[PDB]
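In what follows, a single structure is set out as structure tokens and then discussed.
Values quoted throughout were computed directly from the atomic coordinates according to the rules given, and no laboratory measurement underlies them. Backbone-built Cβ (ideal geometry, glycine too); neighbour counts: all protein chains shown.
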Amino acid sequence: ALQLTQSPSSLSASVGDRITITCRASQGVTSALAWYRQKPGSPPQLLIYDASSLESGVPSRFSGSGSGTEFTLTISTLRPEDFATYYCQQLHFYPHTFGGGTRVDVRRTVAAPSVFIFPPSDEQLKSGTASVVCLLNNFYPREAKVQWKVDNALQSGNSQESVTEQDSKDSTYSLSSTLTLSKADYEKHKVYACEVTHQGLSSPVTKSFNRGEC
Amino acid sequence: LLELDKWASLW
Amino acid sequence: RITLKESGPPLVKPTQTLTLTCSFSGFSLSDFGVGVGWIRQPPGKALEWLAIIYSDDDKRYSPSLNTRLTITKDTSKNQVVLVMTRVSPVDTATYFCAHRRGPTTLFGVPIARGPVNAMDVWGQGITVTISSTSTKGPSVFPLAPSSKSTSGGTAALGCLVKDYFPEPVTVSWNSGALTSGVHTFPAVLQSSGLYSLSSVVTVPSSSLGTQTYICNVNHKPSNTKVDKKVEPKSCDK
């Protein structure tokens, strides 16, 4: 299938800003390229069709350009309702394909996350399982990396994370990472730690507890 | 080889 | 003037057949070259093209799903149906139908391609979950505040709503009295097929001694309601 590469994948901007998103096709698709805007919990909305035509009813601040393999979408003046995800789509070849999308969030000063860790509850341990939670509070930008180390052993495949929507007040994000092991496995180890990497952190931060030291 | 869209041959 | 609405089952079991219906108004599948396509969006991912059918009954499918998809239409009912066989949890997603304009025509004659290059109107979308998990209420565990969850004068605490099905579940703190500093995370789907989410709230550490904190959990699908008081670890004075 024809491949579309959108860039950047993520972008931070402020109201009144001017942003430009590009979409590169693995090969020429003439002018058969469309741009859409998608707000959280809503369907895509058409902005530009046939590479540069402005869809009727769409604000003049939106414009598109390109033909062949390179395309750009430009928003002259960023509006509050414009912080969302944008996608390109080519309709020159079957199957019609979409780009990976570009999320646009409200930018602010960098803010390292406050990292908190929660060992499992006696309640859960009694049920047979042990979940350890690592919390990264109010940080920015959104990119962040969390790694679980149990007695220096990197944990993979046994942890899941969740991230909140950008805060409507301080424009920060919060992330929760849960590492789940069986009671038996949990009791065979001492040190439980989550390592965190973020732009606001001069160096990786480690938060942990030693259940073998009481 | 990719198949052309239904309208790829239209001006 | 153009409106499209997807209808179908919100939950289907693996190996079953999923039948989605797009009902629309504002146009006719009899309009020259008009098309109605289907696009899916799996949880936290990009849009994925599935299929399209046109006024002339011409049709195409995503090549990697072509053996499981069938698209049809009834031009007298303003409806288009998408049938997907042998579904699996990988098919869990929000499905949208959308209109595709036919080319510009002048007194019947097709004179311009331009308008066809886009899906100009999309339906609201229908979220379909594929799972064989049985309904189950969650267990609520405390995320106790401690020196390891305290930063200066701010301490974090919360509840871990674990192993439930299906979505959704709602959480409030102190019966809604506490909302400032609260963070309820989107649920995650576990390998077991059950969901889990955590809800936390940052509060002044100087309140961990008197102030009471209770998370109210509601999982209507299973008629389960739980109030879990969250208190500090005993290692504290």
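May I ask you to work out the translational diffusion coefficient for segment A:1-107 at 10 °C, viscosity 1.306 mPa s, via Stokes-Einstein with Rh from the Kirkwood sum over Cα pairs, reported in whole µm²/s? Don't skip to the answer; put the middle values down first.
On the way: Rh = 13.6 Å.
The diffusion coefficient I find is 117 µm²/s.
Ranked from largest, the principal axis spans of the Cα set of chain C equal 85, 36, 28 Å.
Over chain A, DSSP H runs of length four or greater, each weighted -39,500 (n - 2.57), average out per residue to a 222 nm ellipticity of -1000 deg cm²/dmol.
Computed over all pairs of different Cα atoms, the Kirkwood value for the hydrodynamic radius of the protein assembly as shown is 24.6 Å.
Please work out the C-alpha center-to-center distance from segment C:77-109 to segment C:146-221 and express it in whole Å. Segment C:77-109 and segment C:146-221 have Cα centres separated by 40 Å.
Once backbone amide H atoms are built at 1.01 Å from N, C:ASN117 has A:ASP50 as its partners under 5 Å, excluding neighbours fewer than 5 places away on the same chain. Take the convex hull of the alpha carbons in segment C:1-132; its mean projected area over all directions comes to 8.2 nm².
Note down the relative contact order for chain C as a percent, whole number, built from C-alpha pairs under 8 angstrom at least six residues apart. Walk me through the numbers before you get to the answer.
Values: 552 pairs, mean separation 40.8, N = 237.
Result for chain C is 17 percent.
Net charge around C:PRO166, counting only other residues with Cβ within less than 14 Å of its Cβ (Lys, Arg = +1; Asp, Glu = -1)? Once positives and negatives cancel, what remains is +1. Taking 4.7 Å between beta carbons as the limit, the unpaired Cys residues of the protein assembly as shown are A:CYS214, C:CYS235. Proximity of backbone amide H atoms, modeled 1.01 Å from N, is registered between C:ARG68 and no other residue at under 5 Å, excluding neighbours fewer than 5 places apart on the same chain. With neighbour counts taken as other beta-carbon atoms within 10 Å, the residues C:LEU18, A:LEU2 rank, fewest first, as A:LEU2, C:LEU18. Over the C-alpha atoms of segment A:108-211, the Rg to Rh ratio, Rh being the Kirkwood estimate, stands at 1.01.
Using the Kirkwood formula over every pair of different C-alpha atoms, what hydrodynamic radius in Å results for chain A?
Values: mean 1/r = 0.0501 Å⁻¹.
After inverting the mean inverse Cα-Cα distance, the result is 20.0 Å.
With a simple spin-label model that places each label point 7 Å from the Cα along the Cα-to-Cβ direction, the separation between C:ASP236 and B:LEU2 comes to 5.8 nm. In summary, segment C:133-232 shows an alpha-carbon radius of gyration equal to 1.10 times the 2.2 N^0.38 Å reference for compact globular proteins. Counting, for every residue in C:137-150, the Cβ atoms of other protein chains within 10 Å of its Cβ and taking the mean gives 5. Can you give the local net charge around C:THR224? Use residues other than it whose beta-carbon is closer than 13 angstrom to its beta-carbon, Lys and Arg +1, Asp and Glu -1. Here the charged neighbours net out to +3.
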